[PDB]
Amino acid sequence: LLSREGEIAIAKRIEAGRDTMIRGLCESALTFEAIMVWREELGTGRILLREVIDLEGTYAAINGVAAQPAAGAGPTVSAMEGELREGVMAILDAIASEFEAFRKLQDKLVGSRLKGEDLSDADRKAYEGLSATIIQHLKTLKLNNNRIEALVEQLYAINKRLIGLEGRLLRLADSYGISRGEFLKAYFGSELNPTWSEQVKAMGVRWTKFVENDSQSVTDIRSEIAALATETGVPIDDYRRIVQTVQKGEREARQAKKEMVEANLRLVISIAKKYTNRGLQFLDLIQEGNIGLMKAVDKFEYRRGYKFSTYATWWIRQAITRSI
């Protein structure tokens, strides 16, 4: 069903969605703490190269060919790792340095908001630059899909805790007769403001009663919230935006991938037919084949000109065989 141009278009949408995800993720301190831990665990053999990066994709990128399953003369997983390790460590190293630089301005920005003011125009432009170069760099690292998904999960988890704390504040305000709209307009954007409770008092008797009579709960929740802002190295409203950014990119990538899998079902089937009596049901063969297809999609590099279906066949086949 897909032309070569359709295959490319899908690859590009996946890559763009992924980039949007990374773009959002790189604003959070946690994503780079995670990458620092992975650097650590690699350096000490706690984890293997293959769990951090897309091993076959990276190795294929050495000669600009198609990614293929690891091993009769082809390279084993250990072989690929041996070829790639030094370069991956070098990149993680360079990135560590750029993260430190970036995190200094993160702390500057969060602290600045905590005092009420904002980053100097220079410190801010520097922030922008660092962000850009870091996103590009991380792109050259070719992270494992599971690692990116782990980052996304962590980000969203934080967001769930935030939404909980805001829910509490919301009903609290409600009991003093402050509507959702009234509250959210008074609250969005000022989550780090130290003089918030004193400033909202000026909004009248309901607000005054709210933050004086129930000052305890209020200051507690706002403390917890502020702790999220600390745990992620960004102000709360920024975190809101990051989360939406990542969700958007994620949905684009997911949809593009889905389209690609659907469009290559026929291929999957035609491979499943060759493995009918080998112990598994036809539908099982299909689903496994699809796991393999999805892997081919994850590792597909359109820029290198190789035909998608014949490449995908290796991964489909590997998934089927392994299940058997």
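Numbering starts at 1 and follows the sequence shown.
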Check the entry and tell me how many residues of the deposited sequence have no coordinates between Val205 and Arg206: none, 1 to 3, 4 to 9, or 10 or more.
none
Averaged over C-alpha atoms, is the B-factor higher for 119-127 or for 194-202 in this PDB entry?
119-127
Mean C-alpha temperature factor, higher of 286-294 and 57-65
286-294
Looking only at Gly72, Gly82, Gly87, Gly181, the Cα with the top B-factor belongs to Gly72
Name the residue from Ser217, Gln247, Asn145, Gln154 with the greatest C-alpha temperature factor listed in the entry.
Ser217
Chain-relative CA temperature factor third for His137:
middle
Using the B-factor values recorded in the entry, state whether the Cα atom of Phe99 falls in the lowest, middle or highest third among the modelled residues of its chain.
highest
Third of the chain's Cα B-factor distribution that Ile8 belongs to, per the entry:
lowest
Based on the entry's values, in what third of the chain does the Cα temperature factor of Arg241 lie: lowest, middle or highest?
lowest
Chain-relative CA temperature factor third for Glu252
lowest
